[PDB]
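The numbers here are math on the coordinates, done by the rules we state, and not lab data. So basically every Cβ, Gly included, is an ideal-geometry build from the backbone, and we count neighbours across all protein chains shown.
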Amino acid sequence: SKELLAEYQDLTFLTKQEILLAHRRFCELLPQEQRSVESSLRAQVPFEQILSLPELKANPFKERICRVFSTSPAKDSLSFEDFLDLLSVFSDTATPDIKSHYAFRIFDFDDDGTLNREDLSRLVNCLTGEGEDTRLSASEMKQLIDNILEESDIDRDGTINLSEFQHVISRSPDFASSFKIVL
């Protein structure tokens, strides 16, 4: 995390200065839970330290973004190698397929390759239950999940794979192109 030496697997769209600027962002992000002595390297940066700054509060996808970036167990989360590989997906120069693959992984909670009906409900409820979702506004998406899955499940298993997601979302890849960062 804090050193630039030990086995950095980063096949990525960032040149030598873009990595140095992103390393300075990761350095400002690093020190509150380990405040002065930087002891736990491939473990911090955590969701507590991502939640630390102003506009990471009513963004319903910030814990989803953290989980696709690294994570697996709680508190052992976004190391610097994860830190570069992630924003490389949103870099200018990065391909529409790696951005549509990231959009699939926001809906695919357990990362097994398939959007199940429960994981599509839990993602869409995370963004829709913010500005007063009353009982009819909850029932409209709780009925429309089953009907989106019934129509997009072309292969038969009752669960949306990456081929069936990209048949609805990016067969001509227009939505797949619109995922750019400012670095």
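In straight-distance terms, cross-link reach from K16 covers every one of the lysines whose alpha-carbon lies under 18 Å from its own, apart from those fewer than eight places away in the same chain; here that gives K2. When Rg and the Kirkwood Rh are both derived from Cα coordinates, the Rg/Rh ratio for the chain amounts to 1.00. Treating the range 34-77 as a set of equal point scatterers at the Cα positions, no solvent, please give the Debye-formula log₁₀ I(q)/I(0) at q = 0.13, 0.14, 0.20, 0.29 Å⁻¹. Log10 of I(q)/I(0), two decimals: -0.30, -0.34, -0.66, -1.09.
When only the Cβ of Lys, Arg, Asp and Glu is charged (+1, +1, -1, -1), the dipole of the chain relative to its Cα centre reaches about 620 debye.
For the range 135-150 and the range 91-134, what is the separation of their Cα centres, given in Å? With the range 135-150 and the range 91-134 each reduced to a Cα centre, they are spaced 16 Å.
Shown here for the range 99-183: trypsin sites (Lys or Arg not before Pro) in loop regions (DSSP other than H, G, I, E, B) with at most 16 other Cβ atoms within 10 Å, namely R156, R171, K180.
Take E48, project a point 7 Å from its Cα along the Cβ direction, then tell me which residues of the range 24-39 have their backbone nitrogen under 15 Å from it. Within reach of a label on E48: 30-39.
Here the extension length gained between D92 and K75 equals 3.1 nm, from 0.36 nm per residue of separation less the Cα-Cα distance.
Axis of helix 80-90 versus longest Cα principal axis of the chain: the two differ by about 50°, to the nearest ten degrees. Distance between the pseudo-spin-label points of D174 and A58 (7 Å out from Cα toward the beta carbon): 3.0 nm.
A Förster radius of 30 Å combined with the Cβ-Cβ distance from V182 to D155 puts the calculated FRET efficiency at roughly 0.20. Count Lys and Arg as plus one, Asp and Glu as minus one, and take only other residues whose Cβ is under 15 Å from that of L21; the net charge is then -1. For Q44, what is the net charge nearby, where nearby means another residue's Cβ is under 15 Å from its Cβ and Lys, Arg count +1, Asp, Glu -1? Residues close to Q44 contribute a combined charge of -3.
Would you mind classifying the range 101-183 by shape? Square roots of the alpha carbon gyration tensor eigenvalues, ordered a ≥ b ≥ c; an a/c under 1.5 is rounded, otherwise it is prolate if a/b is larger than b/c and oblate if not. Walk me through the intermediate numbers first.
Details: a/c = 1.80, a/b = 1.16, b/c = 1.55.
Because a/c hits 1.5 or more and a/b fails to exceed b/c, the range 101-183 counts as oblate.
Measuring gaps between exposed loop sites in the chain (GluC sites (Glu not before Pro); DSSP loop; at most 10 other Cβ atoms within 10 Å), the longest gap, sites not included, is 56-129.
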